[PDB]
């Protein structure tokens, strides 16, 4: 049983991240460089009230582009409301703040059609410890596609 973490300190997630890996419950959501949930987190920027701004890249029109998503904090610690990528929620599964963050995105109305989860890392390198906590969370989740990226692919994200 995989789960959303107890206390999240949204201010220490702040800064530069790289999407090392990604899984989704539906192949097509993550299948293609222009698949809807094939987004690469560049940066996380807290607001003073404790919301999270997500900076990411996505193939839009043949080109890499920046997209900005606001994740609004809720009464449940590590659970944010968003209204983007057809998802309505972000769930931070685990983080140590300094090396890795594991999150999921979904649409509450169709949790299985919608679930995608990423393994963010702080530096552009394969961190095997982050991948094992990602694999562990994945084992309990109904995932039908996974992707991992090189250090080459992570400096030149998207």
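Numbering follows the first chain given and starts at 1.
- When the mean C-alpha temperature factors of 6-14 and 140-148 are read from the deposited coordinates, 6-14 comes out higher.
- Here the stretch with the larger average CA B-factor, out of 128-136 and 110-118, is 128-136.
- Considering 101, 64, 41, 35 together, the PDB entry gives 64 the largest C-alpha B factor.
- The deposited CA B-factor of residue 26 belongs to the lowest third of values across its chain.
- When all modelled residues of the chain are sorted by CA temperature factor, residue 95 is found within the highest third.
- When the CA B factors of the chain's modelled residues are split into thirds, the value for residue 57 lands in the middle one.
- Annotation for residue 87: CA B-factor lies in the lowest third of the chain's modelled residues.
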